[PDB]
């Protein structure tokens, strides 16, 4: 009964919806074609953290762009908005130097798939249990 159900029917490309779950923000970004291409252009060897940190798939999965989104098309990036350093809320709308998020508390930059690229945070932003249950609704948890 913890699960919640988020209507994403009105989320347009380039919009992040932020929902509170288990007391913390979940970011649901409908990624732009630029965000998607950028994420898919990164090689695993360039990443600080090569683990997908994704509750929905094998815990040893690589942090490819494809392993960071709910959908094959790569439009739906769902992550905990909780910096893996000390838990501040990363600032989005294509912030920081890697086309993603910037955490101002101690200067962590995350890329367009929420992967850590610069700064003190050790890990990619983790991905919650999340799936579409039809065309318009993501179940979290």
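Numbering follows the first chain given and starts at 1.
Stretches 40-48 and 84-92 differ in mean C-alpha B factor, with the higher average recorded for 40-48. Of the two stretches examined, 73-81 and 101-109, the record assigns the greater average C-alpha temperature factor to 101-109.
Highest C-alpha temperature factor among 11, 133, 130, 22 per the entry: 11.
Among all modelled residues in its chain, residue 65 ranks in the middle third by Cα B-factor. Sort the chain's modelled residues by C-alpha temperature factor and residue 2 lands in the highest third, per the entry.
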